[PDB]
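Novice: If you scroll down you'll find the structure; I have some questions about it.
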Amino acid sequence: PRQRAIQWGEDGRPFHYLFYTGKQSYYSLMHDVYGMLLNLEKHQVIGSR
Amino acid sequence: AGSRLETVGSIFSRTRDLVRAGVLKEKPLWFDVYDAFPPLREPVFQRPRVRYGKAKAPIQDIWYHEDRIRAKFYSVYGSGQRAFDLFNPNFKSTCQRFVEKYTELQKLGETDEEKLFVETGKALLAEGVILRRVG
Amino acid sequence: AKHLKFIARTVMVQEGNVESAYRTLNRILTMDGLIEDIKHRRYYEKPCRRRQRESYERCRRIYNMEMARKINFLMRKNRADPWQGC
Amino acid sequence: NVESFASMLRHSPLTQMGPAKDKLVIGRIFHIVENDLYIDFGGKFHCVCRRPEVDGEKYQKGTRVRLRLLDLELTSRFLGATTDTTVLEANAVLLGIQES
Amino acid sequence: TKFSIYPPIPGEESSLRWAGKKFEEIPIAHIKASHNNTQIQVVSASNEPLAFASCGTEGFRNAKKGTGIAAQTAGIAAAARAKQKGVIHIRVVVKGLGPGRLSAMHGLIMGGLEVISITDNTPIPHXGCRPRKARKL
Amino acid sequence: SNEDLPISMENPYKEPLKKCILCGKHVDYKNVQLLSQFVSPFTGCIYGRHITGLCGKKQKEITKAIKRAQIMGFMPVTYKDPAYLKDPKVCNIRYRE
RNA sequence: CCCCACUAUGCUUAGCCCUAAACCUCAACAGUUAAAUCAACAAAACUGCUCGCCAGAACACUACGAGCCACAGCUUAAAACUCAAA
Ligand code: FES
Ligand SMILES: [K+]
Ligand SMILES: [Mg+2]
Ligand SMILES: [Mg+2]
Ligand SMILES: [Mg+2]
Ligand SMILES: [Mg+2]
Ligand SMILES: [Mg+2]
Ligand SMILES: [Mg+2]
Ligand SMILES: [Mg+2]
Ligand SMILES: [Mg+2]
């Protein structure tokens with residue numbers, strides 16, 4: 001089974017700024033999607049599931 | 001070995017004491033900074049209590065002498081049809097313009113209140129200001 | 001008995017609609033408290049029992065009015081989520 | 001000759017305004033959710049006003065509008081409460097758009 | 001003119017008429033809706049009795065008297081005897097909250113009478129006689 | 001010290017307290033027109049203060065005036081005098097159809 | 001318990017009787033809101049001062065005594081035997 005990589009270095013500092021949420025990958029995606037929705041406002045089926 | 005008794009003293013006092021007792025082998029990274037530049041109040045847990053009887057908060061209402069002039073102006077002339085622009089830090093409303101003229105005339109020696117208020121309205125009308133009495 | 005008749009608790013019928021006239025009369029007597037008064041008077045309510053119910057009714061009305069006020073106040077924020085995704 | 005806080009507060013437009021009830025103020029739309037317009041008018045809290053039926057499309061992000069203020073902060077203390085409940089928003093009525 | 005639910009006041013000059021008769025001249029249907037019976041008496045404006053019917057006089061007995069269908073039947077019976085005497089329009093005065101309070105009025109209508117007004121005269125003492133003690137059920 | 005500091009005084013923007021429609025007016029038992037405005041048209045029932053909007057003091061004066069006028073021969077008990085049905089409706093009660 | 005009838009009684013007058021879950025189940029007065037807020041629940045927690053009252057349960061709103069317009073009453077109010085709880 002694929003193993004999650006180390007989430008910090010020797011100095012103990014986590015690599016990702018959302019580490020302490022415990023869900024850095026999920027909340028990083030929500031942050032990226034929420035950020036895209038903002039830029040649009042500033043600027044402004046059958047075969048897929 | 002440490003202490004999670006957050007209601008017993010402060011993180012500084014609990015840390016300082018356990019360092020002396022040898023329970024904590026090394027000081028935490030923040031300890032030396034706290035010592036050199038401590039907060040104004042040591043962060044000690046307190047339970048907020050409710051006031052009873054003749055105990056009242058010391059906070060005082062903020063009032064100014066010109067507030068008396070503003071209350072009368074709003075009563076007599078209402079709020080100006082001109083809109084407040086609270087974004088401009090130097091905005092002056094019709095009431096503020098009235099208050100400044102009212103203050104100028106008071107410094108010229110006039111002391112009556114009912115007379116000092118009628119002369120101010122005339123001055124602004126001469127300057128082109130619109131003062132529609134509410135009643 | 002000594003008063004004039006056909007003034008008190010009297011509703012006129014419109015266009016032969018007796019059902020709507022009866023509902024209006026019943027609504028009048030209900031709002032004025034006569035219906036509940038008639039019912040409570042079929043058997044004697046003892047003074048200690050009347051005080052208990054009157055005290056219970058007055059506290060329930062206050063509690064319901066205070067619970068309605070709270071929901072009205074806290075329903076202002078029932079609008080759609082302004083910060084969805086955060 | 002450094003200005004003091006007491007001086008800043010005395011001469012601030014928000015201080016000079018007095019009570020906020022029935023005061024006309026200029027607001028700015030900064031966020032829109034469907035037909036809910038979030039308008040800042042210089043206070044602590046924004047107000048939320050529904051898009052007017054007439055000229056609804058003229059109200060966009062950045063559009064400056066005229067408001068009649070009712071409360072700077074909607075708060076109320078409910079029975080059996082030690083503090084006040086706040087909805088963290090001001091109460092204001094949207095009148096229209098401000099134009100030059 | 002707009003409709004008024006308030007009855008015309010005697011001595012004033014109203015324009016309302018029913019078969020050429022004023023409100024003060026319309027006969028009265030007195031409905032006593034008790035808990036175990038319903039009594040209906042139709043009288044003239046001069047207090048002349050014209051018809052009487054009750055659930056008991058219509059062959060109902062015991063708990064059957066205290067039903068809506070029994071009161072409706074009593075209304076039809078009183079209406080028939082009143083219609084023979086020349087009554088079309090009636091003023092309804094109902095006292096009591098029994099089951100035949102509304103049903104007795106329906107029977108009067110099905111019997112050929114037209115109700116122009118409804119009056120409640122349920123006796124409410126303003127302080128009066130002590131009612132019987134509560135029941136333990 | 002400093003001129004711009006707040007000064008102690010009473011609220012200059014304070015609004016006056018609310019007043020009932022009858023605040024400052026004499027309530028006489030002979031003024032049946034006024035008293036009739038606070039009784040039910042159909043039943044003559046005296047309205048509670050939640051319907052009349054009166055304060056405790058005027059609610060009491062109206063109540064005492066009505067009871068005096070009724071038993072002294074000035075005011076009916078079981079219904080509102082029909083003469084006063086077209087007077088200003090000052091009570092928060094909706095009845096008809 | 002449910003239905004009906006009717007009495008003492010509920011009312012008045014003049015005398016008695018003197019009881020109540022007579023209970024906000026909060027003694028009177030004065031003061032405090034800072035301390036520890038505080039066994040629990042009730043009704044936020046206390047201080048000063050005074051009077052009244054209490055000292056395991058049950059026996060016991062009892063016995064005896066005394067007082068009382070009370071005489072099948074009220075007030076005051078024990079003991080013996082019994083238990084390791086209440
Ligand atoms: S409010 Fe002043 S008498 Fe009613
Ligand atoms: K009690
Ligand atoms: Mg007797
Ligand atoms: Mg009596
Ligand atoms: Mg008591
Ligand atoms: Mg004492
Ligand atoms: Mg003992
Ligand atoms: Mg006893
Ligand atoms: Mg004894
Ligand atoms: Mg003895």
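We label chains A, B, ... in the order they appear in the structure tokens, count residues from 1 in each chain, and number ligands from 1 in the order shown.
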Counting only C-alpha atoms (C1' of nucleotides) and all ligand atoms, what are the residues, protein, DNA or RNA alike, that approach ligand 4 to within 12 Å? I want them as JSON, numbers by chain.

Specialist: {"E": [127, 128], "G": [10, 11, 12]}

Novice: Hey, can you spit out that residue selection with N, CA, C and O atoms (P, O5', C5', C4', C3', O3' and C1' of nucleotides) as a PDB file, in the first residue's frame?

Specialist:
```pdb
ATOM      1  N   UNK E 127     -69.689  36.754  37.927  1.00  0.00           N
ATOM      2  CA  UNK E 127     -69.231  36.572  39.313  1.00  0.00           C
ATOM      3  C   UNK E 127     -71.398  35.350  39.926  1.00  0.00           C
ATOM      4  O   UNK E 127     -71.073  34.507  39.070  1.00  0.00           O
ATOM      5  N   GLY E 128     -72.594  35.321  40.478  1.00  0.00           N
ATOM      6  CA  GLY E 128     -73.550  34.306  40.088  1.00  0.00           C
ATOM      7  C   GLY E 128     -73.502  33.066  40.959  1.00  0.00           C
ATOM      8  O   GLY E 128     -72.892  33.070  42.026  1.00  0.00           O
TER       9      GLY E 128
ATOM     10  P     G G  10     -71.092  27.970  58.211  1.00  0.00           P
ATOM     11  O5'   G G  10     -70.640  28.357  56.736  1.00  0.00           O
ATOM     12  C5'   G G  10     -69.301  28.158  56.315  1.00  0.00           C
ATOM     13  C4'   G G  10     -69.160  28.313  54.823  1.00  0.00           C
ATOM     14  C3'   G G  10     -69.656  29.623  54.234  1.00  0.00           C
ATOM     15  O3'   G G  10     -68.721  30.678  54.374  1.00  0.00           O
ATOM     16  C1'   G G  10     -70.439  27.812  52.924  1.00  0.00           C
ATOM     17  P     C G  11     -69.007  31.896  55.377  1.00  0.00           P
ATOM     18  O5'   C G  11     -70.345  32.555  54.819  1.00  0.00           O
ATOM     19  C5'   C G  11     -70.360  33.273  53.595  1.00  0.00           C
ATOM     20  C4'   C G  11     -71.595  34.127  53.488  1.00  0.00           C
ATOM     21  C3'   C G  11     -71.880  35.011  54.690  1.00  0.00           C
ATOM     22  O3'   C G  11     -71.146  36.221  54.660  1.00  0.00           O
ATOM     23  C1'   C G  11     -73.844  33.844  54.091  1.00  0.00           C
ATOM     24  P     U G  12     -70.579  36.861  56.017  1.00  0.00           P
ATOM     25  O5'   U G  12     -71.868  37.483  56.709  1.00  0.00           O
ATOM     26  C5'   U G  12     -72.656  38.452  56.034  1.00  0.00           C
ATOM     27  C4'   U G  12     -73.891  38.803  56.821  1.00  0.00           C
ATOM     28  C3'   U G  12     -73.675  39.112  58.292  1.00  0.00           C
ATOM     29  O3'   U G  12     -73.228  40.438  58.507  1.00  0.00           O
ATOM     30  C1'   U G  12     -75.513  37.641  58.051  1.00  0.00           C
TER      31        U G  12
END
```

Novice: Using only C-alpha atoms (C1' of nucleotides) and a distance of at most 9 Å, pull out the residues of chain G that contact chain B, as a PDB file with C-alpha atoms (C1' of nucleotides), in the first residue's frame.

Specialist:
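Saved result, part.pdb, follows:
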```
ATOM      1  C1'   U G  32     -20.535  43.621  50.134  1.00  0.00           C
ATOM      2  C1'   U G  33     -20.001  41.801  44.833  1.00  0.00           C
ATOM      3  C1'   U G  37     -18.259  31.089  42.746  1.00  0.00           C
ATOM      4  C1'   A G  44     -25.622  33.610  42.576  1.00  0.00           C
TER       5        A G  44
END
```

Novice: Find the residues around range 104-121 of chain E up to 6 Å (only C-alpha atoms (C1' of nucleotides) counted), leave out those fewer than 2 positions away in its own chain, and share them as a list in words.

Specialist: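 Answer for this query is residues 9, 10, 11, 12 and 13 of chain C; 71, 72, 75, 76, 79, 80, 88, 89, 90, 91, 92, 93, 94, 95, 100, 101 and 102 of chain E.
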
Novice: Take the residues from that selection and put them in a file with C-alpha atoms, as a PDB file, in the first residue's frame.

Specialist:
```pdb
ATOM      1  CA  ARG C   9     -72.884  39.094  20.124  1.00  0.00           C
ATOM      2  CA  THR C  10     -74.977  39.638  16.985  1.00  0.00           C
ATOM      3  CA  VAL C  11     -73.598  39.074  13.482  1.00  0.00           C
ATOM      4  CA  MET C  12     -75.521  39.712  10.269  1.00  0.00           C
ATOM      5  CA  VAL C  13     -75.532  37.118   7.494  1.00  0.00           C
TER       6      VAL C  13
ATOM      7  CA  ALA E  71     -80.593  18.741  16.361  1.00  0.00           C
ATOM      8  CA  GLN E  72     -80.656  19.025  12.567  1.00  0.00           C
ATOM      9  CA  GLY E  75     -84.561  22.251  13.157  1.00  0.00           C
ATOM     10  CA  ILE E  76     -86.316  20.784  10.122  1.00  0.00           C
ATOM     11  CA  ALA E  79     -88.985  25.063  10.257  1.00  0.00           C
ATOM     12  CA  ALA E  80     -91.896  23.116   8.766  1.00  0.00           C
ATOM     13  CA  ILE E  88     -89.416  32.900   5.764  1.00  0.00           C
ATOM     14  CA  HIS E  89     -86.779  35.113   7.389  1.00  0.00           C
ATOM     15  CA  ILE E  90     -85.719  34.489  10.989  1.00  0.00           C
ATOM     16  CA  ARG E  91     -83.226  35.928  13.450  1.00  0.00           C
ATOM     17  CA  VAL E  92     -81.294  33.145  15.184  1.00  0.00           C
ATOM     18  CA  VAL E  93     -80.601  33.479  18.913  1.00  0.00           C
ATOM     19  CA  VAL E  94     -78.558  30.489  20.101  1.00  0.00           C
ATOM     20  CA  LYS E  95     -77.716  29.969  23.781  1.00  0.00           C
ATOM     21  CA  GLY E 100     -76.831  21.055  18.267  1.00  0.00           C
ATOM     22  CA  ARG E 101     -75.630  24.649  18.304  1.00  0.00           C
ATOM     23  CA  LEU E 102     -74.728  24.767  14.602  1.00  0.00           C
TER      24      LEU E 102
END
```

Novice: For residue 36 in chain G, please output as a PyMOL selection string all residues within 12 Å (counting only C-alpha atoms (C1' of nucleotides); exclusion window: fewer than 6 positions along the same chain).

Specialist: (chain B and resi 46-47) or (chain G and resi 45-46)

Novice: Any residue with an atom at most 10 Å from ligand 7 counts, using only C-alpha atoms (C1' of nucleotides) and all ligand atoms. Which are they? Put them as a PyMOL selection string.

Specialist: chain G and resi 55-58
